[PDB]
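These notes concern the structure reproduced below.
In this analysis, Cβ positions are derived from the backbone assuming ideal geometry, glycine residues included, and neighbour counts consider all displayed protein chains. Rule-based calculations on the coordinates, nothing more; no lab input.
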Amino acid sequence: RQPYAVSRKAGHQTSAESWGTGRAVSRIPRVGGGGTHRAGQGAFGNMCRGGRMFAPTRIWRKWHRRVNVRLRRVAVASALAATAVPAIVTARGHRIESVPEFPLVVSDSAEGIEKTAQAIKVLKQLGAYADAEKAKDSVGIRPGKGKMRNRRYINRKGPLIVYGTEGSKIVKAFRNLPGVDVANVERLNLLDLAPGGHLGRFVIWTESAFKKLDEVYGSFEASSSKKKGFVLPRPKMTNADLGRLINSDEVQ
Amino acid sequence: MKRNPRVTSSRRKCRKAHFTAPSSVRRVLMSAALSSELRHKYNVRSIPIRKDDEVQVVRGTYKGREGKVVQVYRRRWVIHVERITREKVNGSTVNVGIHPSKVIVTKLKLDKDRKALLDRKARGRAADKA
RNA sequence: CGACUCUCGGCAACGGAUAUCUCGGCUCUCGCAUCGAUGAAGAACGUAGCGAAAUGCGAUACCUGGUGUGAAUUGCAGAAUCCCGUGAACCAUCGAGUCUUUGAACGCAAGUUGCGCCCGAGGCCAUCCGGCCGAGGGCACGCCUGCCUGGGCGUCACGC
RNA sequence: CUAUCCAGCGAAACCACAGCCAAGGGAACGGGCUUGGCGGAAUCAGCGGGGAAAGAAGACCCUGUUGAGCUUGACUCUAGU
RNA sequence: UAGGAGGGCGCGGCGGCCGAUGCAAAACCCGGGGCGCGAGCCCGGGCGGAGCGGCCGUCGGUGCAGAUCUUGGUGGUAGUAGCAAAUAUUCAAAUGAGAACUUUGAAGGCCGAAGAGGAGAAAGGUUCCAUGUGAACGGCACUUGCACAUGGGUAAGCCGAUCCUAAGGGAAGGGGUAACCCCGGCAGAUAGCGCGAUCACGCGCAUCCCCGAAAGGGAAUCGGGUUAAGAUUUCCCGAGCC
RNA sequence: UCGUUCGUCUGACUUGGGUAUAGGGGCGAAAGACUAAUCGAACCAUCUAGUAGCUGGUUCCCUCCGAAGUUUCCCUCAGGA
RNA sequence: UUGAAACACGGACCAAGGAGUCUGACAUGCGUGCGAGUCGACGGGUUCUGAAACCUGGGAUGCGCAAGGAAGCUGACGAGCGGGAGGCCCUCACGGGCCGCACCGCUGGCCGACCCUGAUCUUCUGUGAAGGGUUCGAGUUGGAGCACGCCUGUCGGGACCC
RNA sequence: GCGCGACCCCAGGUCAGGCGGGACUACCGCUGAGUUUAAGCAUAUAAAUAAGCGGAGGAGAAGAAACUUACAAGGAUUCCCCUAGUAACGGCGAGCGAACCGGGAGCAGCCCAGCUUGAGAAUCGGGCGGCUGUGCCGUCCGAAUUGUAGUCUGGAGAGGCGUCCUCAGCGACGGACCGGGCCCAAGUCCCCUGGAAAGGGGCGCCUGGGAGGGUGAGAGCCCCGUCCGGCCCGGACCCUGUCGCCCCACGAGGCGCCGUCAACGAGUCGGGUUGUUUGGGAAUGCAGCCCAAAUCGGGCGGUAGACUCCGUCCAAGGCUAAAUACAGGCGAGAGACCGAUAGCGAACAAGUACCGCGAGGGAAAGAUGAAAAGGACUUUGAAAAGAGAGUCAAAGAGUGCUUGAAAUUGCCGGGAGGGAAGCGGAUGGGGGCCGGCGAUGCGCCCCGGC
Ligand SMILES: [Mg+2]
Ligand SMILES: [Mg+2]
Ligand SMILES: [Mg+2]
Ligand SMILES: [Mg+2]
Ligand SMILES: [Mg+2]
Ligand SMILES: [Mg+2]
Ligand SMILES: [Mg+2]
Ligand SMILES: [Mg+2]
Ligand SMILES: [Mg+2]
Ligand SMILES: [Mg+2]
Ligand SMILES: [Mg+2]
Ligand SMILES: [Mg+2]
Ligand SMILES: [Mg+2]
Ligand SMILES: [Mg+2]
Ligand SMILES: [Mg+2]
Ligand SMILES: [Mg+2]
Ligand SMILES: [Mg+2]
Ligand SMILES: [Mg+2]
Ligand SMILES: [Mg+2]
Ligand SMILES: [Mg+2]
Ligand SMILES: [Mg+2]
Ligand SMILES: [Mg+2]
Ligand SMILES: [Mg+2]
Ligand SMILES: [Mg+2]
Ligand SMILES: [Mg+2]
Ligand SMILES: [Mg+2]
Ligand SMILES: [Mg+2]
Ligand SMILES: [Mg+2]
Ligand SMILES: [Mg+2]
Ligand SMILES: [Mg+2]
Ligand SMILES: [Mg+2]
Ligand SMILES: [Mg+2]
Ligand SMILES: [Mg+2]
Ligand SMILES: [Mg+2]
Ligand SMILES: [Mg+2]
Ligand SMILES: [Mg+2]
Ligand SMILES: [Mg+2]
Ligand SMILES: [Mg+2]
Ligand SMILES: [Mg+2]
Ligand SMILES: [Mg+2]
Ligand SMILES: [Mg+2]
Ligand SMILES: [Mg+2]
Ligand SMILES: [Mg+2]
Ligand SMILES: [Mg+2]
Ligand SMILES: [Mg+2]
Ligand SMILES: [Mg+2]
Ligand SMILES: [Mg+2]
Ligand SMILES: [Mg+2]
Ligand SMILES: [Mg+2]
Ligand SMILES: [Mg+2]
Ligand SMILES: [Mg+2]
Ligand SMILES: [Mg+2]
Ligand SMILES: [Mg+2]
Ligand SMILES: [Mg+2]
Ligand SMILES: [Mg+2]
Ligand SMILES: [Mg+2]
Ligand SMILES: [Mg+2]
Ligand SMILES: [Mg+2]
Ligand SMILES: [Mg+2]
Ligand SMILES: [Mg+2]
Ligand SMILES: [Mg+2]
Ligand SMILES: [Mg+2]
Ligand SMILES: [Mg+2]
Ligand SMILES: [Mg+2]
Ligand SMILES: [Mg+2]
């Protein structure tokens, strides 16, 4: 967030002073002088016209909040896990009825593309282009004050391409497409892996990024991850199939 | 998308730079697309308009009406052209304003400096076409 | 039935809330360092074909000049060669110029366009080869370096 | 000369809703509550019983760990001599 | 009741998802139809003419009947109180759409010259004069006006300022002061030097600056004319004065 | 403020202009009078959104639970632990 | 307010604005991550829409893992009982026995302050075999803590508004 | 009846020159309150703050130990984190409150005065003159011996010896940094509604360009722009990159040794007392007055005191970027902010109109339409206006004109009323409104073809 506040001096650039009691009017401060309509009008209240606001907004609010580094990492792990489950992506709102396999992984030949037409053509072999079109035709002006606070157009979310060879040109080939985002594999971002707080961004992994996702996040072993002091969280259940638990021979 | 951190993407500042522009800038904004054939000839897509160009409004309520420009009226963001004109209640005749982006320059008033401008805007387009 | 009162709807008023806006504000961030005795900031008065304000400018007065762009200004009129050019423009920009009375304000003062003194381009006649009318321009305060003219047996040497 | 009427012009204080009484009960003096008396459109000009009428966050008194002016044998300081 | 908690309704953003909208969005109005116990919601019709809603997460300048609350509007009071000092107006005629209020004439009256007359100081600043007038204003009215609009007008050797001092005020050197600022006789080669001579020099320098009065002191002007508005003495005519 | 009736009217008289004294200061033939409708301490801005145990107000629905004016201490009794 | 329809005060009516918010410290409760650890918060490298994000250090920075004393200083030598959830074993079962977390109650032990005590050894002033205590500790015989978020409460700030 | 020189001081409209005032964010110095808190209040707190008075810059200030520490010690200044709400200070009450260590950002150290040319002021300024021109050179005056230049600064240094090692300038051409200008992809194709196509359908295209803005309604492709970069013009440059000519000394430095000297800042330190301030407590800084030094010495080592030892530094002269601050100014960029009673007081001729003698106070006020196409003309009226008409998609959007709420008023239609009305619960009578207000379809059968 960027900070926002009212002026330190709002409402307090009038030199008013209450009339006191005995003038058949309330005891609120009133502007001095004469010759204007402003003379005798209330001031310095938050109830006045032209006075303060109650408890004025100040720049030293808590704008930025802190989350533990290990909790960010755990959350990125859960978001990556949720990218792999087709029902989660489809629930989350991506048109995937024609993508070949999950997790959707394309060859490194994608890394070399340069042009946006080439990126579209690449999406055509895959099933992503239904989603990309969904964003492209769902772009529309943001309702409300956002259409004058420099937040004119909104759109949907399209596939998130992840690449492994840094300095590749797919970052520039895919940029112009509305709703489609491109990430590097070292620095995954939660705002992309789970927009809106909802799980299951439709991620398209390139073949370079996919094979080093293990080298980056590691496994259930100390120091296996490229990140220090981090191992994958373990779930509170190994198998979450209540059907199989309850209907197992032991339980039944 | 925008990468240069010197050009504003603010609606307020852009509307300032538009509606407060001086005449030397209003000329550049008063640009019109060339006709398809004259585009084919001069290898340019748009040109700022002149005193005596032949324009052919394509989208106003006066579609299809060819007319020479008679008064490019930079204050009200309009141009007055021959005979594309209406009648007041009393019967006086007044030229209407058509925004320059709604006309196409069918025939062009070749000044020598215009020839130079067409050369520059031609080779700029084509040196990046090739 | 009718008048009056209360009341419901329809329509009309008064009034400008709400709804949609916004060349404005606020907040954060970044780059730079540039006023003035070579007269600043501020103030006053003027200045446009038709202007009062605001914006601009200073008796060259909503501008002069160079450069850049390249055919306008515009509410009305007008002159416009101003059009393949030494070139329009309430255009941009900045080096050449102008910059009224004031104001630290500086000849003296100031409810005064008050009262002075000096130089002096230029002209007149000759009371001389001098004087009169001048265009302009000086004349403040403390201070430094130097120079000029000076003062005091403050210390002296030499002298009548 | 006004006040009254007429032409013309034309405000303000004030206003919870409003305006007939008796007795009772009640925050111990009700326009509203209870039991009665009654109660018939709409206006005119007065008047000063009432509306515990308007004017004013009572000045009389008290409370305040609020002041202020003044005094002195109050407490702590100070110019001056 | 004071109070506490839970679940929800509603306003405005942000990250997401699903949508509506020139075949009519937002808003607002309705003796329209419903849903919920309720906050509230959904639909219908009209005006409207360009945007808007729903769900999840989350955030907030988030919900009004009071505060002699603040700003703006509107009522009843109410066509009511009221418009009453300064004696007084009346009749013809003219203009005009329109006259108790304008203009001319006539008559009656008042001010009664320590005035309701003729001029000035300060103050005002164009109110002065002419022509025209839709509105507003002149607490009734208006053809009218000190109103609105466009024009015009203020002439100085002699009238004043300017000059000199009064009470007093500011100040150069100096004394004080943290510095702005405060003291002027404190005596300092004092602000200024002066006069005769320049064909140059001599003599003097004493209570030593500036400001301060349109009622103090004071170089000089009178008469007659003249303009829509200037002048008595500002212009013209004559005659003077410094 | 107006009307009538009054006080003084050659004097410690009435008055214009100039000028001096400016806030805990001025000035007072003394009333705490006057110092620009303000005076038992002017007015303007700022510290300042002064403080308040005191008065007034404190914004949506439903469901559920639901009291106290009593002890002890306090310059403590309108208050707080 | 014990008590309001009150002859108690505010309210003529309408529309819009209008009053427990922000920040710091602390605390309980709850959620999440890790868990004798936990925080990357000041910096550094990266960052092709980005004040974001990601990486980095820490071998001792904050808190926590040790406390008692004013201080010099010293600094936990290892726990039993009664009731207990729950499990287990025996019986046809009723009933009986065993292990018994948490928590509650009881008694102790060890560290330290104060007191008391004193074999040996030792650098003669130190140690400390044994024995202690109607004393005191915010101790130990349970490692649970750190960080973030939310509400509530106390306090400082204008601090619910006038 | 003198001529001289020095000192000290005059007056000069002398020649040449520097000063004063303005802005307030940030910065430096002085001065300096109280409201408040302590539930009173007087020390304390507010606060070493607000106000007052001055002074600068792009940053200012500080800065190269008379430091801290007690360590295995480190090593200028400034800022951030931690130290730490801790030690300390406080009617030990309210409260207040730093530093060392450590980690980071950036790091650069320097020059004077004194003993030191004495064959000899080697120095500096000014007038004039020249040239190559931010200076150099010549000449003449002056400053100066009461000391200019050079060497030196404690880490040293001066001397003496030594193989030795180290030093110079001018050109070009860029890069780099800054400003400016110009240029740069793609539909305006067909149909429909529409006043307007930027809407819907269909057929297509660009995208290293779908930031934003304009254009007659939701415009990637109409326009300005955005991405990639390209081109050219001008600046300061004083940073380095390579080329070219110029060849680095008997001077200076460094290094090694020697042992002889070894010079170091005064009403200053330091001490008493007073006042203020601090966390600084037998006194943290500062300041006034008095006392007033030291050279085998002086200041520190957070409890005053004397002695012994130890750790440490060298004041009383000066300069110094970087990291840091920034409601002012100039130029930019962004926003989970405000949307005309909001947000700056000011969206607008807002610090304006207006008030006050003056210090000062100080508002209100935004929206026609796509385009004025701003209503010709006819007629009633004295006129404003009305009624027809016309422009427009609509003017009932008609110059305070987008929509147009309630309060409140009028007219039309209905309803009801014996000193209130309104409201709750019953229905009843009027209205007004509801066809999802209320159905006609299922099974069995026979054709007649589907
Ligand atoms: Mg009243
Ligand atoms: Mg405001
Ligand atoms: Mg009448
Ligand atoms: Mg009664
Ligand atoms: Mg009553
Ligand atoms: Mg009754
Ligand atoms: Mg009457
Ligand atoms: Mg009556
Ligand atoms: Mg009466
Ligand atoms: Mg009465
Ligand atoms: Mg009272
Ligand atoms: Mg008390
Ligand atoms: Mg008192
Ligand atoms: Mg006493
Ligand atoms: Mg609020
Ligand atoms: Mg409201
Ligand atoms: Mg209200
Ligand atoms: Mg209420
Ligand atoms: Mg009457
Ligand atoms: Mg009367
Ligand atoms: Mg007389
Ligand atoms: Mg008279
Ligand atoms: Mg007149
Ligand atoms: Mg009238
Ligand atoms: Mg004089
Ligand atoms: Mg006089
Ligand atoms: Mg006189
Ligand atoms: Mg004459
Ligand atoms: Mg009288
Ligand atoms: Mg007098
Ligand atoms: Mg007088
Ligand atoms: Mg008075
Ligand atoms: Mg308050
Ligand atoms: Mg107050
Ligand atoms: Mg009470
Ligand atoms: Mg309590
Ligand atoms: Mg009572
Ligand atoms: Mg009563
Ligand atoms: Mg009361
Ligand atoms: Mg009332
Ligand atoms: Mg640790
Ligand atoms: Mg047990
Ligand atoms: Mg609070
Ligand atoms: Mg107090
Ligand atoms: Mg108190
Ligand atoms: Mg008190
Ligand atoms: Mg200050
Ligand atoms: Mg400096
Ligand atoms: Mg700590
Ligand atoms: Mg303090
Ligand atoms: Mg283009
Ligand atoms: Mg189309
Ligand atoms: Mg657009
Ligand atoms: Mg002080
Ligand atoms: Mg002291
Ligand atoms: Mg310095
Ligand atoms: Mg907001
Ligand atoms: Mg406003
Ligand atoms: Mg419209
Ligand atoms: Mg519109
Ligand atoms: Mg309207
Ligand atoms: Mg209504
Ligand atoms: Mg009656
Ligand atoms: Mg009823
Ligand atoms: Mg019924």
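Per-structure values
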read-out: Among A:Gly112, A:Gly197, A:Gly11, residue whose mean-square fluctuation peaks in a GNM of chain A (springs only between Cα atoms under 10 Å); value: A:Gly11
read-out: Sites A:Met53 and B:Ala126, calculated FRET efficiency, Cβ-Cβ separation with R0 56 Å, nearest 0.05; value: 0.40
read-out: Entries of A:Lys9/A:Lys62; A:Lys62/A:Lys172; A:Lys145/B:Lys129; B:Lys102/B:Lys129; A:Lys124/A:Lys172; A:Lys147/B:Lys51 with Cα pairs more than 30 Å apart; value: A:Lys62/A:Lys172; A:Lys145/B:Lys129; A:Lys147/B:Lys51
read-out: Sum of -39500 (n - 2.57) over DSSP H runs of 4+, divided by residues of chain A (222 nm, nearest 500); value: -7000 deg cm²/dmol
read-out: Segment A:82-107 and segment A:189-252: distance between their alpha carbon centers, rounded to Å; value: 16
read-out: Dipole moment magnitude, nearest 20 debye, the protein assembly as shown about Cα centre, only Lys, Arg, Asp, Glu C-beta charged; value: 2920
read-out: A:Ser107, A:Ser18 arranged by Cβ crowding within 10 Å, fewest neighbours leading; value: A:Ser107, A:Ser18
read-out: Residue-averaged [θ]222 nm for chain B, counting only DSSP H segments that reach four residues, each worth -39500 (n - 2.57); value: -9500 deg cm²/dmol
read-out: Likely footprinting exposure, A:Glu97, B:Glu66, A:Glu114, fewest C-beta neighbours within 10 Å first; value: A:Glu97, A:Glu114, B:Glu66
read-out: Cβ-based charge dipole, chain A, positive-most Cα from A:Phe210, A:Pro56, A:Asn176; value: A:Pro56
read-out: Partners for B:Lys88 among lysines (Cα-Cα distance below 23 Å; same-chain residues under 8 apart left out); value: B:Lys63, B:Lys68
read-out: Exposure proxy ranking, count of Cβ atoms within 10 Å, fewest first, for A:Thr165, A:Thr36; value: A:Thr36, A:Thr165
read-out: Loop-resident sites, segment A:11-88, for trypsin sites (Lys or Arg not before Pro), counting at most 12 other Cβ within 10 Å (DSSP); value: A:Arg23, A:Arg27, A:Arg49, A:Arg58, A:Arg61, A:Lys62, A:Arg65, A:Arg66
read-out: Calculated from backbone phi, Karplus (6.51, -1.76, 1.60) coupling profile of segment B:118-123 in Hz, x at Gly/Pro; value: 5, 5, 5, 5, 6, 6
read-out: Angle between chain A longest axis and helix A:129-138 axis [Cα atoms, degrees, rounded to 10]; value: 10
read-out: Under 21 Å from the Cα of A:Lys228 - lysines, other chains or at least 8 residues apart; value: A:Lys211, A:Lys212
read-out: Mean projected area in nm² (Cα convex hull; one quarter of hull surface) for segment B:30-71; value: 3.2
read-out: log₁₀ of I(q)/I(0) at q = 0.09, 0.13 Å⁻¹ - segment A:1-140, Debye sum with one point per alpha carbon; value: -0.63, -0.79
